[PDB]
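K.L.:
fold the following.
(chains A, B, C, D, E, F and G, ligands or ions: 21)
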Amino acid sequence: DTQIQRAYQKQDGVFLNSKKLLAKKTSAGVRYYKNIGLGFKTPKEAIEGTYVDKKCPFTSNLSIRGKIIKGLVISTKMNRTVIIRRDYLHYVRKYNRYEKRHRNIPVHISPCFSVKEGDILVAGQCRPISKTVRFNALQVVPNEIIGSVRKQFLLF
Amino acid sequence: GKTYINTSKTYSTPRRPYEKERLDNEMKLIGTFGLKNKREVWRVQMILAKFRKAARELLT
Amino acid sequence: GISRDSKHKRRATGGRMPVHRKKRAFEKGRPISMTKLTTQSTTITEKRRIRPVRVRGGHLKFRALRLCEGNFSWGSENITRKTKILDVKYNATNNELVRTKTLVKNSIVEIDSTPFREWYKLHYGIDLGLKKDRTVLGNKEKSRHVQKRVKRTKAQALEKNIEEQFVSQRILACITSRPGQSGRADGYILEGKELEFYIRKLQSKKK
Amino acid sequence: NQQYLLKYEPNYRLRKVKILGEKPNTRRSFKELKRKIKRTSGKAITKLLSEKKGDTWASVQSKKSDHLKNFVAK
Amino acid sequence: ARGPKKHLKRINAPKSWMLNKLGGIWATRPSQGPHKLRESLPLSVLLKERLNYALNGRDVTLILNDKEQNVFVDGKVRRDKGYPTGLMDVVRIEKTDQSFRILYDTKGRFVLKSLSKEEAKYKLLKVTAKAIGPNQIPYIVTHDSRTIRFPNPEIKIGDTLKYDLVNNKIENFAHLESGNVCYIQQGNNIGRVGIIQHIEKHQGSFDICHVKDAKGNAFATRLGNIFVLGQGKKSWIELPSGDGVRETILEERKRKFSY
RNA sequence: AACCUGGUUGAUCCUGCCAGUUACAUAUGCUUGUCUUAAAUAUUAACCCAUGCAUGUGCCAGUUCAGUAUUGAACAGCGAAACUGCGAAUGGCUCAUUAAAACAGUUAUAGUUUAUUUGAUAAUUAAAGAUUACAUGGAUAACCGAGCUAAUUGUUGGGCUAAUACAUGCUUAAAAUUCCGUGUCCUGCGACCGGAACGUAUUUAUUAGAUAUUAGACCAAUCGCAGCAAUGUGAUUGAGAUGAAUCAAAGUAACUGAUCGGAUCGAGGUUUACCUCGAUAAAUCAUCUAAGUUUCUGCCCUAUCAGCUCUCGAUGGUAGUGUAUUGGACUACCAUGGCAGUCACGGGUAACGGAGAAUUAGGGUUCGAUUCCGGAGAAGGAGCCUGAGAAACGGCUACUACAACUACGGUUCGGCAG
RNA sequence: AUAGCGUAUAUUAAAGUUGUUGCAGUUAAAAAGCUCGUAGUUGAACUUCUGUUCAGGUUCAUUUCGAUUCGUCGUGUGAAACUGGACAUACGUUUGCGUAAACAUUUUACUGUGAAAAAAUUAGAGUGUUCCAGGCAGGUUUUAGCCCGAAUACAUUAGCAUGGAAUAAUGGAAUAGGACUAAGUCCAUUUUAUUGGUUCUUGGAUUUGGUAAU
Ligand SMILES: [Mg+2]
Ligand SMILES: [Mg+2]
Ligand SMILES: [Mg+2]
Ligand SMILES: [Mg+2]
Ligand SMILES: [Mg+2]
Ligand SMILES: [Mg+2]
Ligand SMILES: [Mg+2]
Ligand SMILES: [Mg+2]
Ligand SMILES: [Mg+2]
Ligand SMILES: [Mg+2]
Ligand SMILES: [Mg+2]
Ligand SMILES: [Mg+2]
Ligand SMILES: [Mg+2]
Ligand SMILES: [Mg+2]
Ligand SMILES: [Mg+2]
Ligand SMILES: [Mg+2]
Ligand SMILES: [Mg+2]
Ligand SMILES: [Mg+2]
Ligand SMILES: [Mg+2]
Ligand SMILES: [Mg+2]
Ligand SMILES: [Mg+2]
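P.N.:
Residues are numbered from 1 along each chain as shown, chains lettered A, B, ... in the order given. Ligands and ions are numbered 1, 2, ... in the order given. Shown next is the protein structure:
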């Protein structure tokens, strides 16, 4: 149980104070989870965590609609947000060969995930959460990268 | 004025403005088929050329 | 002439981002309604002031300028009554909002116990405003209507916080409406966890 | 029947067949009338409308009906 | 763009109308209605281009403003020159008692299918949505923008009802499963007709179904463009005469000109 | 038509350009006889404009004591004015701005708005007050009459009467459900009895949202239902939609009254107190129409641009606020991020993007102001009104720079990129 | 050349004088004074080879023939590269009626199909606008009619769907509870009208025996 902020943090659509639950001096005890039906398993942690994340796809009103992404986690530097990296080969018609291009997508991480820098992320499209972020983290795949995360180039 | 009628070009002009062999052949044509005006033979040339481009693409 | 367009900001890279079109009337934002508690204000003749606002699509939106009473729910009990709101105690956003007595969503306010005190007394036969002589039950035993009033009371135990507050006749409740939209202060009475919390916040501010 | 024919064919045709008349000069008049009309109020406006150069729809249906009344079946 | 667009230019009017490139600048912008703008065949085209009952604009007006009530769509009168007669509609001309059904041929232009009187009572409907309505009344919605109440509860979403336009009573229905007959409302496969082989659901976005015809050529198209024609191999509609089988231009030239 | 020729030497084989040749755009000079088509002040100056015109609209179906006509003694044909509607946000013009911007193809809206269309709904007209429903109330324009200005599509007083204008309000379901009674019986807060509340919508809170694409048994209590009764008796269709919802559709509290719940019109008539067709106003949900935002990917030259962004937003996190909605869009607090040699940031473009156009062995090269679709703008900036839609510009307000009248004090329906 | 034809300027071929295809660099203009080296570009060989049998076409040959005809058809027989069965330590289980699903197969680039796709253009079928540019029309006395058309291709990149064996990158069991299997221990857990205990399933983790060419 962690509350640190100006405002008390609790999930929407879940009432903490019902007459049975006031008998327990412990925070919460009834938790919101969900299925995002793309065949995405709702993580163990979404279920057993104390976390309030209003932008979590499992714990909240977040709807995942229309676009999915695989990528590399280059930077877990910010608050509940990572950046992901997609590398692709753009084809130049004339010289008749390709060219190595990359794109950086800011993704949102629900606290239910353990994310090492240089991991593999799946993210679903999302409503506009922030200025940069249209994507939310669905699945983390653990892996080991040697050297800096940047230099590592995976086209999958 | 907007108008949707299509563009045409019936003939073509040779890379080489003066070459005897060609000029002579063209005047033999103008002579025998009783034409006037070289472009008549040129537009015939154009037509034939179209036919041939067709056959070629089809032989691809 | 306020604008919600994103064009007036720097793109992610930091680059100054270009502008061809004008401000469009559809990107319009609107001036803020600082919505006030006229309850304790003595100089004020007009306590309730709400403005209709002609909005996109020809609809109405309702501006609370001045509010005094609002409609609040007691969650455990599922009991909702309209009462007068007393004071704005704590604001998570900004404290000058508490100083200006401004009403906003997830503001923290206090409420007159009174309607809830009475409903409780009616229902359970227990007056929460009183310290001693707490039970108001009728004289005929074995009368279904007094029996019920006991059967209710049998399972019930309140938080000390809710009791003490009820005695005080003022109650901590956080307000769930958007007074600059709906024109209402509607809210829920704080219980348990949220009460532990906002009491402590009020307490270390007070300490 | 020439009833229908008289109700369907448009007016320039009924002139080719001599039934109707001339379409007199409309535009110039109408637009100068538009001028004056816009620039005053009701009474005067009506006084201008009395003077309009139009060949009225009334008069059209009138000449049509009258010609339908002068007709003799073959 | 300052709000709504009230015009349509001839170059932009759908190929399915077969308008003349040179015929003008504008064409008739279909009216808001039961069918979308691109799936519309407006009345003015129905009369002027197709039936030739109207030679020009004035004429169309004459027909549709004549007190005599000349044109009918699904039994209901229409006086609007741009009324969007859409797919499966039954349009009927009172003076001749002509009863036509609006369809696409294999080449994706609009066709009037002549119907006898028994056909003209019936019209095919395709389920769009299914819900519980207010007061807890089950309801159903259709491609022609019908709302039908108290549907037979077995009716699922994306089925085809056979609808009695005299009685406004759904008669028989069939759903989208392997083995039923389809017509294809939109596609490069527009107008083709066939037996559903099976359906693959991709669940992110767009579900694709596969089809066969009498001759045995397979098709595929997204679920949205499938329209069910009845149970079995039998269709509940008289199809324009290709019978819904596409012809290779080789087949076309052969059969037509005897090559 | 996948071709080349002339010019360095005394001559020679080379490199290499110059020149010729070719097409195509503008321009131009000379010259022009039919017929069929036909671009056209883009380039320079998105420079400035006299004048004319380019946005209006009436059915039988909102208002007629104009007029006309010797009209059903309330009007009834034809038909002004003027209220009242609707439109004026499309179209047409121009390419100045604009280099991930706009645009294109692909997505999302479960993050929204939509006047007019099509389909379907609607028993309760909140409370207080008021309450005629064989139907409520007060005004105003046109009109008549008197004026002011040098001046305009300026308007001032005065006398009249309509509206689908502006106000107001009557319209008897049952059942179930919740609450209340110191009621009866009881012991299940259960039944009977009595009394309230009870449309929809608005605002919160809470209860359940049903799952048969699926598996069961041993103790307890099972709650019920046959049944007083011990005895059991199981439990099995009854409730949709999605990939997913905090969806639909519901229960219980209250809250608002600023939602809607027809005081409107025609026509044909069975001879007329009753039928049959319609017009229109409006709410909710679909539906059409269009828009706002939005996913992914893709632009020319430049390093005599290598670091960029962050004193008030730069990247993210929180509560708010605002909006039609999402969002640093905006505020308060917090964190130190975000982009960059895979070229960031910054210049340039005699740059609006496409669909396309000229050439083309193949590969390329070079254009696209200009028919179609996007985008932008109306002399320059900003700001608004009204609307369903506008930052409108053939709308208003202001400034900068200008255009037209003036009796000098004032005024303009002053804005050719129609 | 010809009712047209000069000239100027930008641009296209000429240009293999911008070069990916496709140029040059000892002396014609051109290899950096020289090493180290990050980005970038580039990367040695090995793994179900193979053989045997069946069928279907598709090609080929022709001292096999035929039939008719102005060239196709049928048939030989063998011969090919397929395509697909089949058994061989050999491109998979398991279930419901040749086709779905679920399970399992590390991902992709690449390639073949398909969906989604704006008309006008362009390529192109049909059609005598007197030809033609072009248009989308037309053709017929069976006339209160009839016949027929307004095709089709193309629609590059990126998204989408699906078939793939080569090639190229990347993966997997080297501190291994890795794999299979048996037996335990936990954490969850849909159904069994409901809450409680036991269980059951299932789905994760974990301990230990056994099996394997580890
Ligand atoms: Mg509205
Ligand atoms: Mg006329
Ligand atoms: Mg219309
Ligand atoms: Mg969807
Ligand atoms: Mg020399
Ligand atoms: Mg010499
Ligand atoms: Mg030269
Ligand atoms: Mg002549
Ligand atoms: Mg009028
Ligand atoms: Mg720039
Ligand atoms: Mg973008
Ligand atoms: Mg008066
Ligand atoms: Mg009762
Ligand atoms: Mg009558
Ligand atoms: Mg360009
Ligand atoms: Mg345009
Ligand atoms: Mg768009
Ligand atoms: Mg002009
Ligand atoms: Mg030298
Ligand atoms: Mg290798
Ligand atoms: Mg095998």
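K.L.:
quick check, the lengthiest helix in chain B touching chain E?
P.N.:
Criterion DSSP state H: the longest helix present in chain B is helix B:39-59. No - applying Cβ under 8 Å from any Cβ of the partner chain, one finds helix B:39-59 out of contact with chain E, separated by at least 14.8 Å. Just so you know, the C-beta spots here come from the backbone N, C-alpha and C atoms, and that holds for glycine as well.
K.L.:
residues in contact with that helix?
P.N.:
B:10, B:11, B:12, B:13, B:26, B:29, B:30, B:35 (Cβ atoms under 8 Å, 6 or more residues apart in numbering or on different chains).
K.L.:
for residue E:48, what are its contacts?
P.N.:
Applying Cβ under 8 Å, 6+ apart, the residues near residue E:48 are E:54, E:55, E:56, E:57, E:59, E:60.
K.L.:
oh sorry, the question was meant for residue B:19
P.N.:
Residue B:19 neighbours (Cβ under 8 Å, 6+ apart): none.
K.L.:
separation between it and RNA strand F?
P.N.:
6 Å (Cβ to the nearest atom of the strand, to the nearest Å).
K.L.:
before we move on, what about residue B:5?
P.N.:
Distance from residue B:5 to RNA strand F, by Cβ to the nearest atom of the strand: 5 Å.
K.L.:
do I have it right that residue A:13 meets residue A:32?
P.N.:
Yes - Residue A:13 lies in contact with residue A:32 (Cβ atoms under 8 Å); the separation is 6.0 Å.
K.L.:
quick check: phi and psi at residue C:64.
P.N.:
The phi/psi pair for residue C:64 (degrees, to the nearest 10) reads phi -90, psi 120.
K.L.:
next, the spatially closest residue to it that is not a sequence neighbour: secondary structure please.
P.N.:
Ranked by Cβ to Cβ, 6 or more residues apart in numbering or on different chains and with sequence neighbours excluded, the top spatial neighbour of residue C:64 is residue C:179, at 3.7 Å. Under DSSP: H, G, I helix; E, B strand; the rest coil, the three-state class of residue C:179 is coil.
K.L.:
burial count for residue C:179?
P.N.:
26 (other Cβ atoms under 10 Å in any protein chain shown).
K.L.:
could you report the distance from the closest residue to RNA strand G within chain D to residue D:71?
P.N.:
Proximity of chain D to RNA strand G (Cβ to the nearest atom of the strand) peaks at residue D:1, 10.7 Å away. Applying Cβ to Cβ, to the nearest Å, the value for residue D:1 to residue D:71 is 10 Å.
K.L.:
before we move on, what about residue E:196?
P.N.:
For residue E:196 relative to residue D:71 (Cβ to Cβ), the value is 65 Å.
K.L.:
mind checking which of the two has more residues around it?
P.N.:
For the pair residue E:196 and residue D:71, the greater number of neighbours falls to residue E:196 (19 against 11), based on other Cβ under 10 Å.
K.L.:
confirm the more buried one sits in a strand?
P.N.:
Yes - counting by three-state DSSP, residue E:196 falls inside a strand.
K.L.:
pull the contacting residues for it.
P.N.:
E:176, E:177, E:178, E:179, E:180, E:182, E:209, E:210, E:211, E:226.
K.L.:
for the second one, which non-adjacent residue is spatially closest?
P.N.:
When the adjacent residues along the chain are set aside, residue E:177 lies closest to residue E:196, with 7.0 Å between them (Cβ to Cβ, 6+ apart).
K.L.:
distance-wise, check that neighbour relative to residue C:89.
P.N.:
Distance from residue E:196 to residue C:89, by Cβ to Cβ: 66 Å.
K.L.:
swap in residue E:55?
P.N.:
Applying Cβ to Cβ to residue E:55 and residue C:89 gives a distance of 81 Å.
K.L.:
with residue C:115 instead?
P.N.:
20 Å.
K.L.:
please apply the same query to residue C:179.
P.N.:
17 Å.
K.L.:
okay, now the residue nearest to residue C:127 when sequence neighbours are not counted: neighbour count?
P.N.:
Counting by Cβ to Cβ, 6+ apart, residue C:127 lies nearest to residue C:121, which is 4.7 Å off, once chain neighbours are set aside. When neighbours are counted by other Cβ under 10 Å, residue C:121 registers 17.
K.L.:
wait, is residue C:121 part of a helix?
P.N.:
Yes - Residue C:121 forms part of a helix when assessed by three-state DSSP.
K.L.:
confirm residue E:49 sits in a helix?
P.N.:
Yes - judged by three-state DSSP, residue E:49 forms part of a helix.
K.L.:
which SSE is residue C:205 in?
P.N.:
Element membership of residue C:205, judged by DSSP states H and E, is helix C:192-206.
K.L.:
tell me which residues of that helix come out buried.
P.N.:
The neighbour-count check on helix C:192-206 (16 or more other Cβ atoms under 10 Å in any protein chain shown) flags C:192, C:193, C:194, C:195, C:196, C:197, C:198, C:199, C:201 as buried.
K.L.:
chain neighbours aside, what residue packs nearest to the fourth one?
P.N.:
Distances taken as Cβ to Cβ, 6+ apart place residue C:161 nearest to residue C:195, at 5.1 Å, with adjacent residues excluded.
K.L.:
list of residues touching stretch C:42-61?
P.N.:
Outside stretch C:42-61, the residues touching it (Cβ under 8 Å, 6+ apart) are C:26, C:30, C:33, C:38-39, C:62-69, C:181, C:183.
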